[PDB]
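The chain that follows stands alone, in the form solved without this ligand, written as structure tokens.
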């Protein structure tokens, strides 16, 4: 055996910027892979592994808003993509839908990951409405192709970022908020793999919840004090940036981490928050971790599928 190998793959411009920001944030025990047609951008990537696709197609330029070029680029470079993926137990593919490279290449990358045996999760954005109808239609086709290629898919409509900014919030700060969805999803899985919990969840439970499902939610909530478990649970399933909310989820992996004070009653409260918000008879895979380093803080991690 071995400790489950996680890789995060950015595809196209937005995907590679997300990768750069995650690397800078400080994510460890995860392999980052940068994939792009655009050689200028790739040269500035902080990823250990860089794959320039479509060298013969684009000659180092981007795909110029043509998803067919992105797709053919990924197909041209299938063997480099396979080699980069090799060894992964789980692959996260992140990309902004609507352009030429991500829209076409990301679903090929996802297909390669899955056909190689990796549990494959996509986290992708839809374009802002101000970008126009063609962009939205191209992105929609990209989303549908991603859905057909991944085990689970998380979609972030960029329009939702307009819900969390004020008129002065810098664009890059809004982009960082979107980054949180993938980054915390990855970190929650990394944490599950690395610690043997008092009620343990491991990579086999992640596979059960995420394999061949469709839409997904991945969230984390942290709270302290009086109603900390309910508050943390509510935060975990809060989805202002998510196309897919908790509502309708029929399978949930939920892990609760706390100090020695973590109460049985609290654990039930948190479970009930998730079950009630889903408004379904949820099949739960429940975990608990006692970290005595923690004091009054409680952390609730949720992965929801089965929509």
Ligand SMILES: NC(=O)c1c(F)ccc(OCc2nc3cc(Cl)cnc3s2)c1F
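Positions refer to the first chain, counted from 1.
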**Mean temperature factor over C-alpha atoms, higher-scoring stretch between 161-169 and 72-80** = 72-80
**Prompt:** 294-302 versus 20-28: which one carries the higher mean Cα B factor per the record?
**Reply:** 20-28
**Prompt:** Among 138, 200, 212, 125, which residue carries the highest C-alpha B-factor recorded in the PDB entry?
**Reply:** 212
**Message:** Highest Cα temperature factor in the entry, among the options 131, 151, 205, 115: which one is it?
**Reply:** 115
**Message:** Considering every modelled residue of the chain and its Cα B-factor in the PDB entry, is residue 102 in the lowest, middle or highest third?
**Reply:** lowest
**Fill in**
Of the three thirds of the chain ranked by Cα temperature factor, residue 38 occupies the middle
**Fill in**
Quick tally, chain-level thirds of C-alpha B-factors: residue 49 sits in the highest
**Request:** State the tercile, meaning the lowest, middle or highest third, of residue 142 with respect to the CA B-factors recorded for its chain.
**Result:** lowest
**Asked** By its CA B factor, does residue 268 count among the lowest, middle or highest third of the modelled residues in the chain?
**Response** lowest
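There is another form of this protein, the form solved in complex with this ligand, and it is not shown here; the text below is about that form.
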**Prompt:** Does this ligand come within 4.5 Å of any heavy atom of residue 191 in the deposited complex?
**Reply:** yes
**Message:** I'd like to know if residue 301 sits close to this ligand in the deposited complex, meaning any non-hydrogen atom pair within 4.5 angstroms.
**Reply:** yes
**Message:** Please determine whether residue 200 contacts this ligand in the deposited complex, using a 4.5 Å cut-off between heavy atoms.
**Reply:** yes
**Message:** Is residue 223 part of the interface with this ligand in the deposited complex - any heavy atom within 4.5 Å?
**Reply:** no
**Message:** Looking at heavy atoms inside 4.5 Å, which stretch does this ligand contact in the deposited complex, given the options 162-170, 107-115, 212-220, 82-90?
**Reply:** 212-220
**Prompt:** For the stretch 258-295, which residues lie within 4.5 Å of this ligand in the deposited complex by non-hydrogen atom distance?
**Reply:** 287, 288, 289
